[PDB]
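S.K.: Once you've had a glance at the structure underneath, I'll fire off some questions.
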Amino acid sequence: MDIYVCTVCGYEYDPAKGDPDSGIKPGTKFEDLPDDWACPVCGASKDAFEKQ
């Protein structure tokens, strides 16, 4: 559908899950994400995630 999980740790971004600590609304495009967002889990940049 439009899910993205980190391959470093394994934290499904889930657009519906978005992010609470960072300033993200519930249901945000993974492309509209800030230009400084990074795997808030481990840290891995936004280039480690892979559509499901």
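Just so we're aligned: the sequence shown equals residues 1 to 52 in the deposited numbering.
Beta carbons are placed, not taken as given, at the ideal position from N, Cα and C, and that holds for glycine.
Could you tell me which of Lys29, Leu33, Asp47 sits nearest to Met1, measuring between CA atoms?
M.R.: As a position in the sequence shown, residue 1 is number 1, starting the count at 1. When each option's Cα is compared against that of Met1, the closest is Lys29.
S.K.: Of the choices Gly27, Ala16, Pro15, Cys9, whose alpha-carbon is the least far from that of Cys42?
M.R.: Here residue 42 refers to the residue found at position 42 when the sequence shown is read from its first residue. Taking only the C-alpha atoms, the option nearest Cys42 is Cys9.
S.K.: Mind checking who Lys46 pairs with in its DSSP beta bridge?
M.R.: For the purposes of this step, residue 46 is identified with residue 46 of the sequence shown, where counting begins at 1. Per DSSP, none; premise fails for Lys46.
S.K.: Please report the straight-line C-alpha distance between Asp21 and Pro40, rounded to a whole angstrom.
M.R.: Position 21 of the sequence shown, counted from the first residue, corresponds to residue 21. Position 40 of the sequence shown, counted from the first residue, corresponds to residue 40. Whole-angstrom Cα-Cα distance: 9 Å.
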